[PDB]
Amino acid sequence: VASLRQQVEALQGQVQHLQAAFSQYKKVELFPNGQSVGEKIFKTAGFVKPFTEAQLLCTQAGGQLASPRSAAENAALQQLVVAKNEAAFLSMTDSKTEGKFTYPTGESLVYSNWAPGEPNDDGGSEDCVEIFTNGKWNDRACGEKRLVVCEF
């Protein structure tokens, strides 16, 4: 009760210090390759890789390829693409069933920002998705190299 009192007051000061310090470091971490939106964080590796390699990199790091689920998330992701001036791969593919794009979990899309006419499975071999500097999406061959951006 009494001793417990001080202990609680001491913890409050320690917690406040951690909160202030962490707040500062979050900003530091995101500069210049990250974007925070809601409770999601997008971070680019800064280089390009084919889809399979990009996917593995994100998976191994405990995240997954960028998967914008709203206009807000897509705009945040667009900021990184614009900054690096390099279109990036999204996590979604229609490799299982042509014409039906899904997230790595198999769930159907809850948001999309396809450029006019897309997806068009050009050449009959486009099962991956890239996001342009203007934020629009286009289905593209998974063998192509695009900016690696993961979400955590």
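Residue numbers run from 1 along the displayed sequence.
Comparing the deposited coordinates for 37-45 and 95-103, the stretch with the larger average C-alpha B-factor is 95-103.
With 124-132 and 8-16 compared on mean CA B-factor from the PDB entry, the stretch scoring higher is 8-16. Of the candidates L109, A115, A66, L30, the PDB record gives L109 the highest C-alpha temperature factor. Among the modelled residues of the chain, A83 sits in the highest third by CA temperature factor in this PDB entry.
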